[PDB]
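Structural features, examined
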Amino acid sequence: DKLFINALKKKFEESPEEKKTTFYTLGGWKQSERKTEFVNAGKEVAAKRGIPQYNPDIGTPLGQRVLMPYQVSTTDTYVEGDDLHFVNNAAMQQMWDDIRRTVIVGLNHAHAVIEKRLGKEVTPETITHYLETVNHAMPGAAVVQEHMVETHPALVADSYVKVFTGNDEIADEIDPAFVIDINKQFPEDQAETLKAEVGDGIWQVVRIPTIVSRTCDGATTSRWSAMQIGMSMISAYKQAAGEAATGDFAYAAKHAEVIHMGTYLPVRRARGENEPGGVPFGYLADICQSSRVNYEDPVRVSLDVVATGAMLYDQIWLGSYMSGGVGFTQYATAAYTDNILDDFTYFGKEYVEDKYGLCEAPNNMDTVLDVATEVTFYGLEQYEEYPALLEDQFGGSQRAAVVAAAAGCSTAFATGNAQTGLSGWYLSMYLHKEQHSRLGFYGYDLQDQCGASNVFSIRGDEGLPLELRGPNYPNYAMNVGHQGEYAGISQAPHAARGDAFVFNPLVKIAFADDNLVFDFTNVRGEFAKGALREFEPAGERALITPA
Amino acid sequence: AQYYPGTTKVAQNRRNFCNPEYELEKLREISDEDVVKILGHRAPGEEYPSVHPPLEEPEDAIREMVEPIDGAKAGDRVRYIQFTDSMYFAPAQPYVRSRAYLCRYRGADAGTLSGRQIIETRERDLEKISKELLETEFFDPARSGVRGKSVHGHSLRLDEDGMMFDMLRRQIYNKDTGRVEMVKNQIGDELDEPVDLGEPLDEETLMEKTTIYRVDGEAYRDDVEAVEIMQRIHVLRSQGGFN
Amino acid sequence: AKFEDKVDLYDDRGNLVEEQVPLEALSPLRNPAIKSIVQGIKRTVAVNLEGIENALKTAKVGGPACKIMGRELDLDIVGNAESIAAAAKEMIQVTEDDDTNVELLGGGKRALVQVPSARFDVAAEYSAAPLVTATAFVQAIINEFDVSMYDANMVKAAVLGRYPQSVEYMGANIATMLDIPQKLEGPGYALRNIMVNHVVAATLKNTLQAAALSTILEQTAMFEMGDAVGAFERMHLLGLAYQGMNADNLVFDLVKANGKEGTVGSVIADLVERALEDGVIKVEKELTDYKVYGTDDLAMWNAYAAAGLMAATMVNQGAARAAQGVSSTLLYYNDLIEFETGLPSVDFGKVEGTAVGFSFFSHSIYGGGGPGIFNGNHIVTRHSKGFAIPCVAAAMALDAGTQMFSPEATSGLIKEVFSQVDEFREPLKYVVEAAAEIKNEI
Amino acid sequence: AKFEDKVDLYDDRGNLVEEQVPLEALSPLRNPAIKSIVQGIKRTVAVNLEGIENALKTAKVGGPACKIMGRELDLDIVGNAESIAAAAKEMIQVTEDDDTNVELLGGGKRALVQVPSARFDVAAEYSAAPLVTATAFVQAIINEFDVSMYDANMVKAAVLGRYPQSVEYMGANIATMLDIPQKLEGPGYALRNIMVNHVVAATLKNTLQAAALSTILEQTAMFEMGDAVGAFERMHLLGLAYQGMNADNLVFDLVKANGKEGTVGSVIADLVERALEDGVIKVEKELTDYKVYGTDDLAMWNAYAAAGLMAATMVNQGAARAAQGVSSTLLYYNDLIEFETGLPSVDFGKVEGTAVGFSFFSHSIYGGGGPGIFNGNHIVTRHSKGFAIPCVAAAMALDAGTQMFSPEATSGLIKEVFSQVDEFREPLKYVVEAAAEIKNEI
Ligand code: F43
Ligand SMILES: C[C@@H](OP(=O)(O)O)[C@H](NC(=O)CCCCCCS)C(=O)O
Ligand SMILES: C[C@@H](OP(=O)(O)O)[C@H](NC(=O)CCCCCCS)C(=O)O
Ligand SMILES: O=S(=O)(O)CCS
Ligand SMILES: [Mg+2]
Ligand SMILES: [Xe]
Ligand SMILES: [Xe]
Ligand SMILES: [Xe]
Ligand SMILES: [Xe]
Ligand SMILES: [Xe]
């Protein structure tokens, strides 16, 4: 059976193949539990504040068709689409906060300054003392000055500092409460690759409080991190609390050995560091931790990244940061609901596996023309044979993204190269446009028409490997239904290759951490949990507010 | 001109819509007043509101060589007509329209979306075009709809009568007459008197005239020559962008 | 000369001016008129003396709806504009006989300022023009009326606005064609961050002069960005010639042959005929009742297709006298020509892609605006490397008054002052002459 | 000449070279050597061919700790550096025998590239140098090894990094002295966003040559920023001459008279004596056992005070052979001299203010760093208009190895490549000679 058949049967009373149904007799918004909750809440809101708010009689009357429930892919959780709106989903808000409040800061230059400029010794015992110091200071507590006022430890309970290193012997000498154990979090072959990449380097993973991250912005993270690293360096290694050498630690922590989650953006979309637009597709694939728990199923790994990116890039980034309002919930849910993209991508995997074998296909246009065409035709035919499927993903943009994501990921499964996978993405768009004489919304295929010629370009603002591209790549900077899927195509060849990471091994290790609030090993499972209002986020002010 | 490759009925139907020498088959008669009523921009007999004074009221070789359309001479507003095409064998389809509009009509501003397709031009010239769009095989009163907003329906299942879903129900199928009546204008304002849109085409004629590829009609994967040209354009675009 | 191509140059009336001109004679790196055009844009500043006087008189400085009650200064700046402009020129100029130019317009309400080229020979970028002009007029106003130390800061706010608290010259009463370097979408984009309305305003709504000047600016930026380097240099030169310079009268003849009754589709058919006639394309393969065309010179096919694209804009938007349809023309001219021939469209799809988002961001809610507010440095219209914006300049020139944000609303100070420079108002004239003068030095 | 001042020019050894030179012969707007220095900085790019080869061989591209497994390309770039550099120069140059320069360094591991001036005559700013250089070497490497269409994008990533996803050339293997125009604190600041370590690196740690070059860059930017226009032009020229050019051997003589045993306070006392000796200052009023000094030429007093500031830095930080104390010298030389004389300190307090934050942001936790990482475009050190950064260049030149972030750590590619150009390495030589050659044209 197709993976989406069960979800389609849950949505409609008719058989999935039936072309006819009945409309207009469903009661409008009264058919929906969620819309009913919203109407009652809108009445209470307007009554309490004295200004009209939510009103189902404004504009056109929702609910002339079936207001569908959605199955979160890989789960058995069925929710109305409103429960997958990022405003209504605390798991989605916490996923972004966990990314926004994270920064990676090396200790290698700092330890060099301690031993050379200060002439003091660095040992695993001093590192442990520093880490115990920094985990007191990082949430906002004092270590040096008299009469300091501090943050409430319970309001900032999610902030901490951990370290990792490729040297197993050094890692075992640091207090294990502060260590991200690569050998426990990653499988053997992945752990050896990551430990070989890190080597003797020691790297901090800093997470600042969520309540600060929500109060301020992403650019606060690396600054907040550096201040408390600097204070703990002063305390733990007995510096003068403000001498010349203290400036080296500040420059080291703020610039020299710091890895931001997102780079800053240009003026038209002015934003500082650690905003979604600055997160390249390769980082996003590595932030997602599906690679270390589902490493035998490259489809599952690739689609968990799609879910991560589709929610972040389309719902939060493009749907709020860059636009706002009702937003782009269903533009993104098309990529992680009803097992639709899963069915399409498992087909392409099996097609590639039987014909070529994973990563065994030639890395040329012939493999692109073959795999992308076959998967696209399979995906588009499913909408033609299952009218309930076409009514489900009713927007052409939705369908174009799902079909091309399967075609792109499948082509990358074949070549082991993300760039030919990207070429398959755009070919899917061109074939899709001609098959149904439609594609996406008014401006969906700006990048799609620029796409083919810019896949292998080498010019200034055109040429980049897919892993290095992101929401700031000029063609990609505006439009829904692409960025989250591009992250999946970046993951696709490395998942098929068994690679431990897509673009940055430090980023991959930095989120293999059980003290995170959001579970990046089970992104879609977390989305379902937040939709059911069962997710416990950080950063709440309940402790400092009346009952 | 070749317009479009392929050997299917769909490919030929796309060439027919684009070719200005192909006379579109007229399927229904609609009065001039009904076209103005369906557009909903002005009442019948109301003067054309002007966005700028007439042209008669600088030196440029282009201006002197390009004859302006009648609405631009008078200074008419730029208004629109917008259609939604069901993916279940509607005769016209979104990209087919925009391609055909810019082959057949002068001074046309066409836009393509999955759930709607729009053309904007001078008001009095729009009325001339809308007559051909509504009376000919561009339009079917069951699988197509004139919708200025709330266009949801192009990808939905049909109702019991074979009508496309319409959130505002601008087009009503009459079981007693077997004909479709338009009770509202394209923006959703109720009309004083409905406009007869004729009988819906039967499924046999729909499949003969449709321009969408489907597995239960003519699949795009079966029009191997059309797919070949699209793959060729993809390869040539890739090579050109590289060198 | 690196390339063997030669082109015939024409004027804005379809008359032949010079035959067999080497392709590189039109290059921004070689053409002296293009060099004068680029340098003129860098160093020209408009000063709104009436705005400075009104801002000081009302203490309305520093941005929209801003005012500091109690700071008002009543100075007759326009009445003394001759003395003020003369005093400023003394500070702007390097020597008494450099190319410094300060002219009053509108009876002293405006001032055209051209900062001498000597200041830019020792400058890294182009910001010296507004910064030297602003401080010279600030000092000249203060010296003219002996403004006290305690009030002079209001003159500074009236001239340059809220800078440096704001990054831009927010609320300034001076204008240039370039924006501050911080607002570049990327390095090398400065010649693209020129609003189409600025070009249409100072070209006085002449279609060919706006189209030529837009192509000159767009393709010159392609050299600064490095796109027109090496393997791609000939493609951008051919596009500059055939799309923007009316090379071989191809754009002009196509518009004439389809101006009375033609459509976008008919311009395509004639272009494919002309391209097949001139050996640019040839039938490579035949399918079932369908000829697949090929070419051995993609750069030349792109130039011919770009010429037909420009003509399709002039035919389609000229008939409507409304610029808005240019985004549709840029899209479906390229869409139709690909399935008509089997060859890639202009810029290998980049114009069609630019047109898709340009259509969207000019017919929706998410941003953008009218066709006149866009430019090569806009996120929506930066993707095509010089082949799409020139068609918008021709379209906005033909617009009979259907745009809320026309050049009169956003480029009023530009149309009055920058149109006075003959190089920019009629750039097709000087560029064709310069190519002929250097044709035997290439 | 606008000003009557004349100065006597000396070399880096205290020897008189040319007497009674008009002040404006040292002006960036007039001096041909300063023009050669500024234009050379705009068009000079260093290419790390060894870094590109290592990035391709390991697929480590796009930023720190970044790698794409499976993308590795084994190309012998350094072994074929002669052919690659020759092909790149062919694309970089405009015409034959123009001022294009491509030289190999380190046996082909490095490449010095100087983009021809003709490309900048038609460009708005300076980004053409890295953008044309990067794409020429990308194309040259691809042509050299026939890199396939499917692999060429890795060569692009190896050369220019994560651009345009990042705003900067994040992870690039090319280097310039200027940064991207988007990173300017304000318009006209590009010549200030040059790290002090960059200047010290290519001056090979010569104190006077580093001080001259820093003053040349800082004060030239003051012209582009509009600060050195009109009422303030003479002050910046005098500061350029006396503080950076060793005018009248004042900095040299002050350093000589206090080099063996002197302190900042002793340099102040000698400077105040010299100003009183030369008629620059005079006793204006007498308090109780305290003489209040005045002046009729604040610009000249500022220049004399600026000379002693540079000399006090050379005496104080030279004795310590550690640059860090320059922030203290810049502060208390100005603090002490105001209560020593009753006259305003250098830049009317702006040097003292800059020093306060510079001391703070180089001895605390909130940012900044070592003295070598600062520049005129840094938020901490942008406030003094050209009178403070040159003293930091002189101090870092005297640092005997006490800095973690020295020029060897942050400016290694600059020290190897940009020092090869004689104009940049020894700017005091050429600027003094050029001023003498034009002394009768001013
Ligand atoms: C007013 C526009 C023009 C514009 O700039 N944005 C609109 C409306 C905007 C609003 C609608 C909110 C509301 O209803 O009040 C929002 C939610 C953005 C916002 N401001 O919050 C949005 N669209 Ni739109 N918009 C969507 C879509 C679409 C599809 C729907 C086609 C169909 O057949 O139903 C078409 C484009 C196309 O034809 O491809 C579409 C058009 C349009 N989109 C037409 C309205 C069309 C109509 O009259 O019905 N969107 C989609 O394709 C699916 C996702 C969906 C978005 C909400 C979500 O993701 O949950 C929403 C995204
Ligand atoms: C284009 C640009 O808008 P402006 O044209 O500059 O108003 C930009 N917005 C966007 O890119 C909108 C992206 C999100 C909404 C569209 C999703 S398809 C911005 O707000 O800076
Ligand atoms: C100096 C500069 O830092 P950098 O030297 O660039 O690392 C700057 N920070 C600050 O000004 C810190 C301000 C808050 C801490 C000091 C308060 S007295 C900034 O991050 O842009
Ligand atoms: O109709 S538009 O495609 O502009 C809006 C899509 S959400
Ligand atoms: Mg949990
Ligand atoms: Xe994996
Ligand atoms: Xe212009
Ligand atoms: Xe455009
Ligand atoms: Xe230098
Ligand atoms: Xe400084």
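Rules behind the numbers
Residues numbered from 1 in each chain as written, not as in the entry; some residues may be left out. Chains lettered and ligands numbered in written order. Part of a larger assembly, values for the part shown. Heavy atoms only, no water. Residues with missing side-chain atoms left out of burial classes, pairs and counts. Contact = heavy atoms within 4.5 Å. Helix = DSSP H or I, 4+ residues; strand = E, 2+ residues; numbered from the N terminus. Nonpolar A, V, L, I, M, F, W, Y, C, P; charged D, E, K, R; others polar. UniProt positions renumbered as here; feature names shortened; annotations may be inferred. Salt bridge = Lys/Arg side-chain N within 4 Å of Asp/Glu carboxyl O. Buried < 20%, exposed > 50% of the residue type's maximum accessible area, 1.4 Å probe, protein only. Near = heavy atom within 4 Å. Polar contact = N/O pair within 3.5 Å; in protein donor to acceptor, adjacent residues only side chain to side chain. Areas by Shrake-Rupley, 256 points an atom, 1.4 Å probe, with all protein chains shown as cover. Core = buried A, V, L, I, M, F, W, Y, C linked by side-chain atoms within 4.5 Å. Domains from an automatic or database assignment. Buried area = accessible area lost by both parts, 1.4 Å probe. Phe/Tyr/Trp six-rings, centres within 6.5 Å; stacked < 30°, edge-to-face > 60°. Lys NZ or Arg CZ within 6 Å of the ring centre and 35° of its normal. Axes fitted to C-alpha atoms, helices over the stretch in contact; angles between N-to-C directions. Patch = residues over 30% accessible without salt bridge, like charges linked within 9 Å, V, L, I, M, F, W, Y side chains within 5 Å. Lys, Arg positive; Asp, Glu negative; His and termini not counted. Charge placed at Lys NZ, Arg CZ, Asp CG, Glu CD.

- Deposited coordinates in this entry are attributed by the record to X-ray crystallography, at a stated resolution of 2.5030 Å.

Concerning the interface of chain A and chain C
- Counting from both sides, the interface comprises 28 residues of chain A and, opposite them, 32 residues of chain C.
- The biggest single contributor to the side of chain A that touches chain C is helix α20 (residues 446-455) of chain A, with five residues.
- Along the lines of polarity and charge, the residues of the side of chain A that touches chain C split into 12 nonpolar, eight polar and eight charged.

A few points about the UniProt feature "binding site: coenzyme M" in chain C
- Per the UniProt record, "binding site: coenzyme M" is annotated on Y366 of chain C.
- Following the sequence through the fold, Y366 of chain C ends up in the loop between α14 (350-360) and α15 (389-398).
- What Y366 of chain C contacts, discounting residues up to four positions off in sequence, is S323 and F328 of chain A together with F360 and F361 of chain C.

Here's the deal with the pattern of salt bridges
- Applying the stated rule across the entire model yields 111 salt bridges over all chains.
- The partner of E416 of chain C in a salt bridge is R110 of chain C, with the nearest N and O atoms 3.2 Å apart. One end of the pair, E416 of chain C, is in helix α17 (residues 412-417); the other, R110 of chain C, is in strand β5 (residues 110-114), and 306 residues separate them in sequence.
- Note that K429 of chain D is salt-bridged to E433 of chain D, the shortest N-O span being 2.9 Å. Of the two residues, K429 of chain D and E433 of chain D are both situated in helix α19 (residues 427-437); the distance of four residues between them amounts to about one turn of the helix.
- Overall, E433 of chain D belongs to the partly exposed group, its relative accessible area being 37%.

Structural notes on the site of ligand 2
- Residues in close proximity to ligand 2 total 15 residues, the closest being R268, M478 and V480 of chain A together with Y366 and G368 of chain C.
- Near ligand 2, residues from chains A and C are present, making the site a shared one.
- Within the side chain of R268 of chain A, an N or O atom sits 2.8 Å from an oxygen atom of ligand 2.
- A distance of 3.4 Å separates an oxygen atom of ligand 2 from a polar atom in the side chain of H378 of chain C.
- Taken by itself ligand 2 offers 540 Å² of open surface, and the protein chains cover 84% of this.
- Per-class residue counts for the shell around ligand 2 are nine nonpolar, five polar and one charged.

Points about the UniProt feature "binding site: coenzyme B" in chain A
- The positions UniProt marks with the feature "binding site: coenzyme B" are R223, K254, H255 and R268 of chain A. Considering the C-alpha atoms alone, the annotated residues occupy 46 residues of sequence and remain spread out, their largest mutual distance being 25.0 Å.
- Positionally, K254 of chain A belongs in helix α11 (residues 246-256).
- The residues touching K254 of chain A, leaving out its near neighbours within four places in the chain, are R223, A226 and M227 of chain A together with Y366 and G367 of chain D.
- Tracing the sequence through the fold places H255 of chain A in helix α11.
- Classification of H255 of chain A by relative accessible area gives exposed; the value is 53%.

Let's talk about the nonpolar core
- Counting residues in hydrophobic clusters, the biggest one holds 382 residues, and the most contacted among them are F344 and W425 of chain A, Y242, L330 and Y333 of chain C together with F137 of chain D.
- The dominant element in this core, judged by the number of residues it contributes, is helix α12 (residues 298-320) of chain C, at 16 residues.
- Residues within four places of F137 of chain D in sequence aside, it is in contact with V47, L49, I84, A85, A88, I92, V102, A111 and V113 of chain D.
- Ranked by size, the runner-up nonpolar core spans 117 residues in total, among them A211, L217, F387 and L413 of chain D.

Section: the UniProt feature "binding site: coenzyme B" in chain C
- When the UniProt feature table is mapped onto this chain numbering, "binding site: coenzyme B" sits at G368 of chain C.
- Once residues lying within four places of it in the same chain are set aside, the contact partners of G368 of chain C are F361, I373 and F374 of chain C.

Quick word on the domain arrangement of chain A
Residues and elements named next belong to chain A.
- Per the domain assignment, the segments of chain A are domain 1 (1-99), domain 2 (100-274) and domain 3 (275-504).
- If you average the C-alpha positions of domain 2 and of domain 3, the two centres end up 35 Å apart.
- The partner domain 3 presents 20 residues to the 23 residues of domain 2 that form the contact.
- With four residues, helix α8 (residues 188-198) is the largest single contributor of residues to the side of domain 2 that touches domain 3.
- For the side of domain 2 that touches domain 3, a count of residues per class yields eight nonpolar, nine polar and six charged.

Thoughts on the interface of chain C and chain B
- Facing 63 residues of chain C, the contacting portion of chain B comprises 51 residues.
- Taken together, both faces of the contact between chain C and chain B bury some 4800 Å²; the carbon and sulfur share is 56%.
- If you sort the residues of chain C by the area they bury against chain B, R321, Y332 and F339 of chain C come out on top, with a joint share of 15%.
- The shortest N-O distance in the salt bridge between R237 of chain B and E352 of chain C comes to 3.2 Å.
- At the boundary of chain C and chain B, one finds 33 residue pairs in polar contact.
- Looking at the side of chain C that touches chain B, the elements with two or more residues in it are α8 (207-224), α10 (250-258), α11 (264-277), β7 (282-287), β8 (290-294), α12, α13 (326-341) and α15 of chain C.
- Class assignment of the residues belonging to the side of chain C that touches chain B gives a composition of 26 nonpolar, 22 polar and 15 charged.

Considerations on the packing of aromatic side chains
- A complete count under the given rule lists 50 aromatic pairs over all chains for this structure.
- Relative to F520 of chain A, the ring of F511 of chain A lies with its centre 5.3 Å away and its plane at 70°, an arrangement referred to as edge-to-face. Like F520 of chain A, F511 of chain A is buried.
- An aromatic cluster is present here, built from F4, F344, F347, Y351, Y378, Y383 and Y386 of chain A joined pairwise through their rings.
- Over the ring of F511 of chain A we find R207 of chain A; its NZ or CZ atom is 5.2 Å from the centre of that ring.
- In this arrangement the basic side chain of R169 of chain B is found over the ring face of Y24 of chain A, its NZ or CZ atom lying 4.4 Å from the centre.

Considering the site of ligand 1
- Close to ligand 1 lie 24 residues; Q330 of chain A together with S114, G115, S150 and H152 of chain B are nearest.
- Residues lining ligand 1 come from chains A, B and C.
- Note that an oxygen atom of ligand 1 is positioned 3.4 Å from one of the backbone N or O atoms of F441 of chain A.
- Looking at the shell around ligand 1 residue by residue, the classes come out as nine nonpolar, 13 polar and two charged.

Some remarks on the packing of helix α1 (residues 9-18) of chain B against helix α5 (residues 94-104) of chain B
All names here are of chain B.
- Between α1 and α5, whose axes approach to 8 Å, the crossing angle comes to 35°. Along the contact surface, α1 presents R14, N16, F17 and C18, while α5 presents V96, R99, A100, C103 and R104.
- Taken together, the residues of the contact of α1 with α5 break down into five nonpolar, one polar and three charged.

Let's talk about a negative patch on the surface
Residue and element names in this part refer to chain A.
- Negative charge collects at one region of the surface, where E115, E121, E125, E169, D172 and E173 lie side by side.
- If you tally residues by element for the negative patch, the top one is helix α6 (residues 168-173), at three residues.
- In this structure, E115 sits in helix α4 (residues 108-116).

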